[PDB]
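Below you'll find only one chain, the form deposited in one PDB entry, shown as structure tokens.
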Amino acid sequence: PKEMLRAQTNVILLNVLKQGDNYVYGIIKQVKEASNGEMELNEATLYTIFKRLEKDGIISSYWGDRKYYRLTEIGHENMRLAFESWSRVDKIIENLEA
């Protein structure tokens, strides 16, 4: 299911960035560690996703003193809205089971 994995990777990448500004290799390390090894992102997958997020204003980038990525203001608020509504969804689903 290609576009569910895509969605999953998006959420994860945004959450890494939420923890702090980071660069591609740093992100890939953090995701591999937090996933107990089960998830090893390809450098190129990150460039594809980051090209799209930048265009949509959700993230921005800049150079160290190596390319760093940053969650924008829009990006933070979009994450908050997403977490809020998906949490409603999770409780609705909880009420359907019992």
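Residues that one form lacks are left out of the comparison. Between two forms, the rigid core is the largest collection of C-alphas that superpose within 1.5 Å. All residue numbers are counted from 1 along the displayed sequence.
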Discussion item. Neighbours in the displayed sequence, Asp65 and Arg66 may still hide a gap; how many deposited residues lack coordinates there, none, 1 to 3, 4 to 9, or 10 or more?
Written reply: 4 to 9
Worksheet item: Looking at the deposited entry, does 31-39 or 45-53 carry the larger mean Cα B-factor?
Response: 31-39
Worksheet item: Do the C-alpha atoms of 86-94 or of 13-21 have the higher average B factor in the entry?
Response: 86-94
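Beyond what is shown, the protein has a form deposited in another entry; the following relates to that form.
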Item to complete: Could you check whether the CA atom of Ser87 moves 2 Å or more between this form and the one not shown, using the rigid core for the fit?
Response: yes
Fill in: Moved runs of 3+ residues, each with a C-alpha displacement of 2 angstroms or more between this form and the one not shown on the rigid core
84-98
